[PDB]
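This report refers to the structure that appears directly beneath it.
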Amino acid sequence: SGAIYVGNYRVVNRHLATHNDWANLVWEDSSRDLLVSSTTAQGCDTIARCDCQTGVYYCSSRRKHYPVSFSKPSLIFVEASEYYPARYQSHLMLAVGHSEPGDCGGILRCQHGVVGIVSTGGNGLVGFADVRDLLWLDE
Ligand SMILES: COc1ncccc1NS(=O)(=O)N1CCC[C@H](C(N)=O)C1
Ligand SMILES: [Zn+2]
């Protein structure tokens with residue numbers, strides 16, 4: 001679990017969005033596993049606008065932060081799950097690191113701000129949904 005809170009927006013994994021997220025929907029994209037809902041309170045986070053390929057993510061299944069080198073956002077094949085059919089997920093960045101399904105929503109940050117959230121994993125890999133190209137989150 002986990003979300004990004006920026007301005008009057010809440011960014012969550014689309015497969016973990018609640019009834020309240022869908023009732024206050026701003027934008028969603030199944031191919032990216034992202035959903036953004038509106039909030040009444042001002043958020044605590046800020047978004048990186050950079051090309052960093054290293055950073056630190058929070059792993060709830062270890063209660064620890066880990067440093068990572070990750071690939072540039074790209075279209076990657078993701079096996080079928082209870083939430084989606086087998087498909088290509090876009091804007092996904094991979095890194096070597098521990099993750100379990102409940103780790104989705106953990107934030108990946110660099111020195112500039114939030115880069116993305118955990119969205120995929122397995123066999124010593126962890127995949128993050130990028131949010132740096134969503135410029136409208138800042139206005
Ligand atoms: C070890 O398993 C995981 N670890 C972290 C996050 C996720 C998994 N499991 S997953 O990649 O199969 N995943 C399951 C939930 C939906 C996700 C999606 N973005 O399509 C894909
Ligand atoms: Zn950066």
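Going by the structure tokens order, chains are called A, B, ..., each with residues numbered from 1, while ligands are numbered from 1 in the order shown.
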
Got a sec to tell me which of chain A DSSP assigns to alpha helix (DSSP H), as a PyMOL selection string?
-> chain A and resi 19-23

Near-residue A:139 list (9 Å; only C-alpha atoms; drop same-chain fewer than 2 positions) as an NGL selection string = :A and (7-8 or 135-137)

Among the residues A:48, A:16, A:36, A:107, the one that comes closest to ligand 1 [using only C-alpha atoms and all ligand atoms] = A:16

Identify, on the basis of only C-alpha atoms, every residue whose closest approach to stretch 119-129 of chain A does not exceed 10 Å; exclude the query and any residue fewer than 6 positions from it along the same chain; express the result as an mmCIF file with C-alpha atoms, in the first residue's frame.
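Written output follows (part.cif):
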```cif
data_model
loop_
_atom_site.group_PDB
_atom_site.id
_atom_site.type_symbol
_atom_site.label_atom_id
_atom_site.label_comp_id
_atom_site.auth_asym_id
_atom_site.auth_seq_id
_atom_site.Cartn_x
_atom_site.Cartn_y
_atom_site.Cartn_z
ATOM 1 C CA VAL A 12 -2.166 5.341 -6.241
ATOM 2 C CA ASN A 13 -1.695 1.977 -8.027
ATOM 3 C CA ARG A 14 -4.860 1.643 -10.174
ATOM 4 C CA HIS A 15 -5.326 -1.995 -8.954
ATOM 5 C CA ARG A 32 0.417 2.212 -16.568
ATOM 6 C CA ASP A 33 -1.289 0.789 -13.385
ATOM 7 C CA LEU A 34 -1.924 4.408 -12.252
ATOM 8 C CA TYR A 57 12.678 3.059 -2.518
ATOM 9 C CA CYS A 59 10.019 -1.724 0.900
ATOM 10 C CA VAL A 68 18.582 1.060 -6.615
ATOM 11 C CA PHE A 70 16.740 1.374 -12.452
ATOM 12 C CA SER A 71 16.042 1.229 -16.185
ATOM 13 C CA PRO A 73 10.647 4.080 -18.430
ATOM 14 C CA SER A 74 9.631 1.529 -21.054
ATOM 15 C CA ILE A 76 7.477 -4.255 -20.431
ATOM 16 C CA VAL A 78 3.667 -8.278 -17.329
ATOM 17 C CA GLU A 79 2.204 -11.759 -16.698
ATOM 18 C CA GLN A 89 2.691 -2.167 -19.027
ATOM 19 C CA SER A 90 4.040 1.190 -20.205
ATOM 20 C CA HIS A 91 6.227 3.764 -18.345
ATOM 21 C CA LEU A 92 7.686 0.985 -16.132
ATOM 22 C CA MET A 93 11.253 1.031 -14.710
ATOM 23 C CA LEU A 94 12.949 -2.135 -13.413
ATOM 24 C CA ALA A 95 15.629 -2.616 -10.756
ATOM 25 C CA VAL A 96 17.227 -5.440 -8.777
ATOM 26 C CA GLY A 97 15.629 -5.411 -5.338
ATOM 27 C CA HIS A 98 13.248 -7.252 -3.049
ATOM 28 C CA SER A 99 9.469 -6.876 -3.426
ATOM 29 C CA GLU A 100 6.232 -8.709 -2.601
ATOM 30 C CA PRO A 101 2.715 -7.722 -3.921
ATOM 31 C CA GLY A 102 1.773 -5.710 -0.795
ATOM 32 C CA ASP A 103 4.865 -3.513 -1.416
ATOM 33 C CA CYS A 104 2.920 -1.748 -4.270
ATOM 34 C CA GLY A 105 2.613 1.962 -3.526
ATOM 35 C CA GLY A 106 6.051 2.278 -1.872
ATOM 36 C CA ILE A 107 7.741 5.465 -3.112
ATOM 37 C CA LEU A 108 10.959 5.630 -5.229
#
```

Residues up to 7 Å from ligand 2, counting only C-alpha atoms and all ligand atoms: could you list those as a PDB file with N, CA and C atoms, in the first residue's frame?
```
ATOM      1  N   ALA A  48       9.788  14.755  -8.834  1.00  0.00           N
ATOM      2  CA  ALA A  48      11.052  14.977  -9.518  1.00  0.00           C
ATOM      3  C   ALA A  48      10.779  15.259 -11.002  1.00  0.00           C
ATOM      4  N   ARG A  49      11.563  16.193 -11.594  1.00  0.00           N
ATOM      5  CA  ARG A  49      11.441  16.504 -13.033  1.00  0.00           C
ATOM      6  C   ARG A  49      12.890  16.408 -13.493  1.00  0.00           C
ATOM      7  N   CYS A  50      13.325  15.177 -13.752  1.00  0.00           N
ATOM      8  CA  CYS A  50      14.743  14.898 -13.997  1.00  0.00           C
ATOM      9  C   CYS A  50      14.886  13.595 -14.804  1.00  0.00           C
ATOM     10  N   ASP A  51      16.153  13.214 -15.079  1.00  0.00           N
ATOM     11  CA  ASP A  51      16.405  11.947 -15.756  1.00  0.00           C
ATOM     12  C   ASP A  51      17.246  11.037 -14.862  1.00  0.00           C
ATOM     13  N   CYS A  52      17.110  11.121 -13.520  1.00  0.00           N
ATOM     14  CA  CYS A  52      17.876  10.234 -12.626  1.00  0.00           C
ATOM     15  C   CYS A  52      17.545   8.774 -12.923  1.00  0.00           C
ATOM     16  N   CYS A 110      14.496  10.246  -5.765  1.00  0.00           N
ATOM     17  CA  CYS A 110      15.884  10.660  -5.996  1.00  0.00           C
ATOM     18  C   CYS A 110      16.099  11.988  -5.257  1.00  0.00           C
ATOM     19  N   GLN A 111      17.272  12.613  -5.428  1.00  0.00           N
ATOM     20  CA  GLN A 111      17.532  13.893  -4.757  1.00  0.00           C
ATOM     21  C   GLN A 111      16.577  15.028  -5.169  1.00  0.00           C
ATOM     22  N   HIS A 112      15.823  14.861  -6.261  1.00  0.00           N
ATOM     23  CA  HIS A 112      14.917  15.907  -6.792  1.00  0.00           C
ATOM     24  C   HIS A 112      13.481  15.785  -6.366  1.00  0.00           C
ATOM     25  N   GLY A 113      13.113  14.608  -5.824  1.00  0.00           N
ATOM     26  CA  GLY A 113      11.746  14.386  -5.397  1.00  0.00           C
ATOM     27  C   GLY A 113      11.260  12.988  -5.739  1.00  0.00           C
TER      28      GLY A 113
END
```

Among chain A, which residues carry a DSSP assignment of strand (DSSP E or B), reported as an NGL selection string?
-> :A and (4-6 or 9-13 or 25-29 or 34-38 or 47 or 54-59 or 64-70 or 74-78 or 87-96 or 107-110 or 113-122 or 125-130)

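Here atom CA of residue A:5 stands at a distance of 9.7 Å from atom CA of residue A:47.
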
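Nearest residue to ligand 1 among A:133, A:31, A:38, A:109 is A:31, counting only C-alpha atoms and all ligand atoms.
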
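Reported to one decimal place, the separation of atom CA of residue A:66 from atom CA of residue A:54 is 10.8 Å.
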
Any idea what's packed within 10 Å of residue A:21, counting only C-alpha atoms, ignoring anything in its chain fewer than 2 positions away? Could you give it as a PyMOL selection string?
-> chain A and resi 10-12+14+16-19+23-26+35-39

Which of A:114, A:6, A:75, A:134 sits closest to ligand 1 [using only C-alpha atoms and all ligand atoms] | A:75

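Minimum atom-to-atom distance to residue A:118, evaluated using only C-alpha atoms, belongs to A:2 out of A:29, A:62, A:2, A:41.
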
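Coordinates place atom 5 (C, counted along the ligand's line) of ligand 1 at a distance of 23.5 Å from atom CA of residue A:46.
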
Counting only C-alpha atoms and all ligand atoms, the option among A:40, A:53, A:69, A:61 closest to ligand 1 | A:61

For ligand 1, the nearest of the candidates A:56, A:3, A:80, A:44, counting only C-alpha atoms and all ligand atoms = A:80
